[PDB]
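I have placed the structure first, in the form of structure tokens, so that the comments after it can refer back to it.
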Amino acid sequence: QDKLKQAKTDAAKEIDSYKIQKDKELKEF
Amino acid sequence: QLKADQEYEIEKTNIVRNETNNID
Amino acid sequence: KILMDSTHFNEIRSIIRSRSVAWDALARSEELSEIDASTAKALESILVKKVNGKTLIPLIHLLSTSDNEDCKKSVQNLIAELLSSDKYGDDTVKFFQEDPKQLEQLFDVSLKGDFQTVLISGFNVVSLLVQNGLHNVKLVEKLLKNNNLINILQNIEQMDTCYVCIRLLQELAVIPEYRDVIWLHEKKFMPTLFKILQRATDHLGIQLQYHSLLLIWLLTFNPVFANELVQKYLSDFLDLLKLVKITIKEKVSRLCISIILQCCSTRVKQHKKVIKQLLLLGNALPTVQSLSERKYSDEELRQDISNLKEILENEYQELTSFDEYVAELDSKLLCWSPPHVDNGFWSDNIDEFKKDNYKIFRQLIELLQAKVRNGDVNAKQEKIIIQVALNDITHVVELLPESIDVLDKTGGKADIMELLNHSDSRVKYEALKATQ
């Protein structure tokens with residue numbers, strides 16, 4: 001059983017880092 | 001086995017939706 | 001077929017190969033040219049004895065026109081074999097994916113002739129399953145309309161075929177699109193799936209039950225599917241628990257407990273109410289208590305049973321017999337009801353279904369009308385309903401007779417007379433109380 005990867009799936013960190021980088025569009029505007 | 005397969009998306013997608021997007 | 005090692009897969013392969021015919025005869029009969037016959041022979045020598053590769057495409061083409069001998073179920077025979085045989089089926093799926101033009105034809109190659117190929121169709125067109133990218137959501141959706149899969153999986157007499165089909169369906173759940181197609185099929189296959197567990201409640205039987213449990217869990221992993229099924233297969237929620245309790249297999253019990261817990265998962269819409277109703281009606285809480293008292297070597301099954309017990313305790317912390325009464329009124333096809341146990345609950349229940357004005361009881365009126373329509377027949381459920389509806393009507397009318405007028409205007413007197421008219425035992429047995 002590879003249940004350890006179940007925890008490793010929590011990051012997945014860049015999924016929100018890219019979102020924050022895009023949200024920097026408010027500062028750009 | 002399949003429990004981990006479900007947990008993959010149950011965490012990877014749910015975590016961002018409930019803890020990342022809501023911070024916008 | 002990744003799971004070809006299963007004995008059902010071995011039987012399917014043996015049946016498919018038992019009718020193999022030489023390509024030389026086809027060439028003599030003019031079914032295919034020399035090149036096509038040579039390709040078919042090479043494909044045969046590859047699958048069961050370079051071999052295959054460029055071959056087995058012309059074999060499929062010949063079987064498209066030929067309607068007997070190896071041409072009948074050659075694709076199924078090749079798929080049922082393991083990938084060790086020149087990657088037959090395993091490489092064939094990828095090759096077909098690389099050539100979508102004939103892909104549909106390949107999908108149409110399987111599911112033909114007798115059940116030897118009909119059952120193998122699920123392991124023939126999608127022998128590669130959802131892995132390798134050979135298939136797609138549209139292909140699964142289109143294949144879900146084939147009646148051969150239903151005939152194989154739901155075959156009560158054909159235990160081995162049903163087990164093989166259920167195992168293939170459970171294995172097909174790897175991709176979410178395949179899971180959605182499986183759920184769409186289950187939305188209509190519910191009878192066979194529920195009956196599998198019902199029979200499991202008391203060696204192909206164990207395998208078939210395990211396959212059914214795996215399919216139920218895979219479908220129920222999506223909260224929406226479980227919530228929708230609760231409105232059509234609510235009794236199945238406790239039926240699966242009973243099957244697991246009777247079932248001794250550790251893996252089967254673990255799968256059943258996992259499915260039950262998924263039905264109660266917080267994601268499932270109305271999880272709290274559904275859990276409370278299940279605990280109140282199906283005795284899921286006493287069953288979970290027994291499971292906690294009971295011991296098993298399956299650590300995963302133990303954890304699933306403990307989670308189910310926690311869910312049952314949470315559901316019963318806010319439980320009441322009113323939910324059981326509502327469920328019974330929804331059924332309206334039984335002989336006895338919880339409120340008949342004693343005079344305690346009924347003391348309030350008399351004014352519960354009526355909403356203090358008989359308004360909420362109009363649903364009870366419709367239930368009694370349906371039970372009277374069934375009462376004219378001699379079916380066991382028919383007689384049980386005829387007795388139960390009349391007994392509940394008598395119990396309700398005994399207090400606050402105002403609503404009786406609503407029943408009387410709604411045919412209450414006529415219904416009572418018809419229940420005791422003739423050709424009835426319990427119907428009259430309760431019409432006597434109604435008219436007394």
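Every chain in the structure tokens takes a letter, A first, then B, and so on in the order presented; its residues are numbered from 1, and the ligands are numbered from 1 following the presented order.
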Quick one: which residues from chain C are at most 10 Å off chain B, using only C-alpha atoms, as an NGL selection string? :C and (173-174 or 176 or 214 or 217-218 or 221-222 or 258)
Pick out the residues sitting within 9 Å of region 346-357 of chain C, and hand them over as a PyMOL selection string; count only C-alpha atoms, and ignore anything fewer than 4 positions along from it in its own chain. chain C and resi 322+325-326+339-342+361-364+395-400+402-403
Provide as a ChimeraX atom specification the residues of chain A at most 9 Å from chain B, counting only C-alpha atoms. /A:1-13,15-17,19-20,23
Compile the contact shell of residue 209 (chain C) as an mmCIF file with N, CA, C and O atoms, in the first residue's frame: residues with an atom at most 8 Å away, counting only C-alpha atoms, same-chain residues fewer than 2 positions apart removed.
```cif
data_model
loop_
_atom_site.group_PDB
_atom_site.id
_atom_site.type_symbol
_atom_site.label_atom_id
_atom_site.label_comp_id
_atom_site.auth_asym_id
_atom_site.auth_seq_id
_atom_site.Cartn_x
_atom_site.Cartn_y
_atom_site.Cartn_z
ATOM 1 N N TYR C 163 -19.696 -13.278 -11.607
ATOM 2 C CA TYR C 163 -18.514 -12.885 -10.849
ATOM 3 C C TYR C 163 -17.465 -12.254 -11.755
ATOM 4 O O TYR C 163 -16.856 -11.240 -11.397
ATOM 5 N N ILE C 196 -26.998 -9.615 -5.267
ATOM 6 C CA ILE C 196 -25.730 -10.298 -5.022
ATOM 7 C C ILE C 196 -25.393 -10.259 -3.536
ATOM 8 O O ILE C 196 -25.091 -11.290 -2.920
ATOM 9 N N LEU C 197 -25.457 -9.070 -2.933
ATOM 10 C CA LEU C 197 -25.179 -8.951 -1.504
ATOM 11 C C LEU C 197 -26.238 -9.667 -0.674
ATOM 12 O O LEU C 197 -25.919 -10.285 0.350
ATOM 13 N N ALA C 200 -25.300 -13.092 -0.640
ATOM 14 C CA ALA C 200 -24.106 -13.201 0.188
ATOM 15 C C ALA C 200 -24.435 -13.152 1.673
ATOM 16 O O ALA C 200 -23.613 -13.578 2.495
ATOM 17 N N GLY C 205 -19.297 -17.919 -5.283
ATOM 18 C CA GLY C 205 -20.171 -17.014 -4.554
ATOM 19 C C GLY C 205 -19.406 -15.927 -3.826
ATOM 20 O O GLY C 205 -19.780 -14.752 -3.862
ATOM 21 N N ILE C 206 -18.320 -16.307 -3.148
ATOM 22 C CA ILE C 206 -17.517 -15.325 -2.423
ATOM 23 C C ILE C 206 -16.907 -14.321 -3.392
ATOM 24 O O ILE C 206 -16.895 -13.112 -3.130
ATOM 25 N N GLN C 207 -16.382 -14.804 -4.521
ATOM 26 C CA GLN C 207 -15.793 -13.901 -5.505
ATOM 27 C C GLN C 207 -16.834 -12.945 -6.073
ATOM 28 O O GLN C 207 -16.567 -11.750 -6.242
ATOM 29 N N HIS C 211 -16.796 -8.913 -5.733
ATOM 30 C CA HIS C 211 -16.868 -8.037 -6.896
ATOM 31 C C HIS C 211 -18.021 -7.049 -6.770
ATOM 32 O O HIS C 211 -17.875 -5.863 -7.094
ATOM 33 N N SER C 212 -19.182 -7.521 -6.308
ATOM 34 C CA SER C 212 -20.316 -6.623 -6.119
ATOM 35 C C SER C 212 -20.004 -5.562 -5.070
ATOM 36 O O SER C 212 -20.354 -4.389 -5.237
ATOM 37 N N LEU C 213 -19.352 -5.962 -3.975
ATOM 38 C CA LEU C 213 -18.973 -4.998 -2.947
ATOM 39 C C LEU C 213 -17.986 -3.977 -3.491
ATOM 40 O O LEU C 213 -18.087 -2.784 -3.186
ATOM 41 N N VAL C 252 -13.757 -8.985 1.935
ATOM 42 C CA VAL C 252 -15.134 -8.657 1.574
ATOM 43 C C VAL C 252 -15.784 -7.819 2.665
ATOM 44 O O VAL C 252 -16.486 -6.839 2.385
#
```
Calculate how many Å separate CA of residue 416 (chain C) from CA of residue 331 (chain C), rounding to one decimal.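 Computing the Euclidean distance for CA of residue 416 (chain C) and CA of residue 331 (chain C) yields 20.5 Å.
Interatomic distance, CA of residue 171 (chain C) against CA of residue 264 (chain C): 23.6 Å.
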Near region 370-379 of chain C, within 10 Å and counting only C-alpha atoms, which residues show up once chain neighbours fewer than 5 positions away are dropped, as a ChimeraX atom specification? /C:331-334,364-365,384-390,415-416,418-419,421-427
Output file for the residues above (N, CA and C atoms, as a short mmCIF file (atom, residue, chain, number, x, y, z; two decimals), in the first residue's frame):
```cif
data_model
loop_
_atom_site.label_atom_id
_atom_site.label_comp_id
_atom_site.auth_asym_id
_atom_site.auth_seq_id
_atom_site.Cartn_x
_atom_site.Cartn_y
_atom_site.Cartn_z
N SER C 331 -42.52 3.13 2.89
CA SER C 331 -42.55 1.79 2.31
C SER C 331 -43.98 1.35 2.01
N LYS C 332 -44.81 1.24 3.05
CA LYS C 332 -46.23 0.92 2.89
C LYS C 332 -46.45 -0.44 2.23
N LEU C 333 -45.50 -1.35 2.38
CA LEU C 333 -45.61 -2.69 1.81
C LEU C 333 -45.12 -3.74 2.81
N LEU C 334 -45.43 -3.54 4.09
CA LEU C 334 -45.01 -4.43 5.15
C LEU C 334 -46.21 -4.86 5.97
N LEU C 364 -50.01 9.36 4.49
CA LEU C 364 -50.46 8.07 5.00
C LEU C 364 -51.72 7.61 4.29
N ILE C 365 -52.60 8.54 3.91
CA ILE C 365 -53.80 8.17 3.17
C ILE C 365 -53.43 7.59 1.81
N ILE C 384 -49.62 -8.29 3.75
CA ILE C 384 -48.96 -7.58 4.84
C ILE C 384 -49.35 -6.11 4.83
N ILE C 385 -49.33 -5.49 3.64
CA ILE C 385 -49.69 -4.08 3.53
C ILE C 385 -51.17 -3.88 3.86
N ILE C 386 -52.02 -4.78 3.38
CA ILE C 386 -53.45 -4.67 3.66
C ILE C 386 -53.69 -4.68 5.16
N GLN C 387 -52.98 -5.54 5.89
CA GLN C 387 -53.13 -5.57 7.34
C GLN C 387 -52.54 -4.33 7.99
N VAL C 388 -51.34 -3.92 7.56
CA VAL C 388 -50.61 -2.87 8.27
C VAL C 388 -51.28 -1.52 8.09
N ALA C 389 -51.69 -1.19 6.86
CA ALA C 389 -52.34 0.10 6.63
C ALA C 389 -53.64 0.20 7.42
N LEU C 390 -54.44 -0.86 7.41
CA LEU C 390 -55.69 -0.84 8.15
C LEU C 390 -55.45 -0.74 9.65
N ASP C 415 -62.98 1.63 1.96
CA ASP C 415 -61.73 0.88 2.07
C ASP C 415 -61.85 -0.21 3.13
N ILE C 416 -62.46 0.11 4.27
CA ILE C 416 -62.64 -0.89 5.32
C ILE C 416 -63.52 -2.02 4.84
N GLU C 418 -63.98 -3.00 1.72
CA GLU C 418 -63.27 -3.78 0.71
C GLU C 418 -62.19 -4.65 1.33
N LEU C 419 -61.53 -4.18 2.39
CA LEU C 419 -60.51 -4.99 3.05
C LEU C 419 -61.11 -6.28 3.59
N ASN C 421 -64.01 -7.46 2.47
CA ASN C 421 -64.99 -7.93 1.49
C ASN C 421 -64.93 -9.44 1.34
N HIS C 422 -63.79 -9.96 0.88
CA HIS C 422 -63.61 -11.39 0.69
C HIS C 422 -62.18 -11.63 0.22
N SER C 423 -61.78 -12.90 0.23
CA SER C 423 -60.46 -13.31 -0.25
C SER C 423 -59.35 -12.54 0.46
N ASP C 424 -59.52 -12.33 1.76
CA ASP C 424 -58.53 -11.65 2.57
C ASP C 424 -58.54 -12.22 3.98
N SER C 425 -57.35 -12.29 4.58
CA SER C 425 -57.18 -12.77 5.95
C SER C 425 -56.70 -11.66 6.88
N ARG C 426 -55.57 -11.03 6.56
CA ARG C 426 -55.09 -9.90 7.35
C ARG C 426 -55.85 -8.62 7.03
N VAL C 427 -56.27 -8.46 5.77
CA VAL C 427 -57.02 -7.26 5.39
C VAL C 427 -58.29 -7.15 6.23
#
```
Return the single residue from C:408, C:296, C:240, C:22 that is closest to residue 201 (chain C), with distances computed using only C-alpha atoms. C:240
Please provide the set of residues having any atom within 9 Å of residue 280 (chain C), restricted to only C-alpha atoms, with same-chain residues fewer than 5 positions apart removed, written as a compact mmCIF listing (two decimals) with N, CA, C and O atoms, in the first residue's frame.
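The file below, out-v9.txt, is the result:
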```
# COMPACT_ATOMS: atom_id res chain seq x y z
N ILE C 275 -27.29 9.00 8.00
CA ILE C 275 -26.67 8.14 9.00
C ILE C 275 -27.65 7.85 10.13
O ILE C 275 -27.74 6.71 10.61
N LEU C 285 -26.25 0.57 14.30
CA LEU C 285 -25.55 0.85 15.55
C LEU C 285 -25.32 -0.42 16.37
O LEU C 285 -24.18 -0.65 16.80
N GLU C 315 -24.85 9.11 14.60
CA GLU C 315 -26.20 9.12 14.06
C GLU C 315 -27.24 8.84 15.14
O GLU C 315 -28.31 9.45 15.15
N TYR C 316 -26.94 7.91 16.04
CA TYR C 316 -27.89 7.53 17.08
C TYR C 316 -27.90 8.51 18.25
O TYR C 316 -28.84 8.47 19.05
N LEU C 319 -31.13 10.27 17.38
CA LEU C 319 -32.07 9.38 16.71
C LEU C 319 -33.40 9.34 17.45
O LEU C 319 -33.50 9.66 18.63
N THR C 320 -34.44 8.93 16.71
CA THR C 320 -35.77 8.78 17.28
C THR C 320 -36.57 7.84 16.39
O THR C 320 -36.32 7.74 15.19
N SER C 321 -37.54 7.16 17.01
CA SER C 321 -38.39 6.23 16.27
C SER C 321 -39.26 6.92 15.24
O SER C 321 -39.85 6.23 14.39
N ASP C 323 -38.23 8.71 12.79
CA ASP C 323 -37.61 8.44 11.49
C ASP C 323 -38.00 7.06 10.98
O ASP C 323 -38.29 6.89 9.79
N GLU C 324 -38.01 6.06 11.86
CA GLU C 324 -38.44 4.72 11.46
C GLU C 324 -39.90 4.73 11.03
O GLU C 324 -40.27 4.06 10.06
```
Name the residues of chain B that fall into alpha helix (DSSP H) according to DSSP on the backbone, using the chain letters and numbers of this document, as a compact mmCIF listing (two decimals) with N, CA, C and O atoms, in the first residue's frame.
```
# COMPACT_ATOMS: atom_id res chain seq x y z
N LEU B 2 -7.35 1.26 -3.35
CA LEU B 2 -8.25 2.25 -3.94
C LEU B 2 -8.55 3.40 -2.99
O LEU B 2 -8.87 4.50 -3.45
N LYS B 3 -8.45 3.17 -1.68
CA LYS B 3 -8.63 4.26 -0.73
C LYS B 3 -7.60 5.35 -0.95
O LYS B 3 -7.93 6.54 -0.96
N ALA B 4 -6.33 4.96 -1.16
CA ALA B 4 -5.30 5.95 -1.47
C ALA B 4 -5.57 6.62 -2.82
O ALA B 4 -5.32 7.82 -2.97
N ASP B 5 -6.09 5.86 -3.79
CA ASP B 5 -6.40 6.45 -5.09
C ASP B 5 -7.44 7.56 -4.94
O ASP B 5 -7.30 8.64 -5.53
N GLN B 6 -8.49 7.30 -4.17
CA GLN B 6 -9.48 8.35 -3.92
C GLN B 6 -8.87 9.50 -3.13
O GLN B 6 -9.07 10.67 -3.48
N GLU B 7 -8.11 9.19 -2.08
CA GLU B 7 -7.53 10.24 -1.25
C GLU B 7 -6.62 11.16 -2.05
O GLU B 7 -6.47 12.33 -1.71
N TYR B 8 -6.01 10.64 -3.12
CA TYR B 8 -5.16 11.48 -3.96
C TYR B 8 -5.88 12.77 -4.33
O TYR B 8 -5.43 13.87 -3.98
N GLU B 9 -7.01 12.66 -5.03
CA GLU B 9 -7.76 13.86 -5.40
C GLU B 9 -8.53 14.42 -4.21
O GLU B 9 -8.77 15.64 -4.16
N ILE B 10 -8.93 13.58 -3.26
CA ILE B 10 -9.67 14.08 -2.10
C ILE B 10 -8.84 15.08 -1.31
O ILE B 10 -9.41 15.93 -0.61
N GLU B 11 -7.52 15.00 -1.39
CA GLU B 11 -6.62 15.93 -0.72
C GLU B 11 -6.06 16.97 -1.69
O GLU B 11 -6.13 18.18 -1.42
N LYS B 12 -5.52 16.53 -2.82
CA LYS B 12 -4.83 17.45 -3.72
C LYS B 12 -5.76 18.55 -4.22
O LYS B 12 -5.37 19.72 -4.27
N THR B 13 -6.99 18.19 -4.61
CA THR B 13 -7.93 19.20 -5.12
C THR B 13 -8.67 19.88 -3.98
O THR B 13 -8.85 21.10 -3.99
N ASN B 14 -9.12 19.11 -2.99
CA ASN B 14 -9.89 19.68 -1.89
C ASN B 14 -9.06 20.65 -1.06
O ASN B 14 -9.58 21.68 -0.61
N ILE B 15 -7.78 20.34 -0.83
CA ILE B 15 -6.96 21.20 0.01
C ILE B 15 -6.86 22.59 -0.59
O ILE B 15 -7.04 23.60 0.11
N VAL B 16 -6.57 22.68 -1.89
CA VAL B 16 -6.45 23.99 -2.53
C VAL B 16 -7.79 24.72 -2.51
O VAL B 16 -7.85 25.92 -2.23
N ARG B 17 -8.88 24.00 -2.79
CA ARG B 17 -10.19 24.64 -2.86
C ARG B 17 -10.59 25.22 -1.51
O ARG B 17 -11.14 26.32 -1.43
N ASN B 18 -10.33 24.48 -0.43
CA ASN B 18 -10.79 24.88 0.89
C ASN B 18 -9.80 25.74 1.66
O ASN B 18 -10.20 26.38 2.65
N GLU B 19 -8.54 25.79 1.25
CA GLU B 19 -7.51 26.51 1.99
C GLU B 19 -6.70 27.48 1.14
O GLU B 19 -5.94 28.28 1.70
```
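Picture a line from CA of residue 300 (chain C) to CA of residue 10 (chain C); it runs 29.4 Å.
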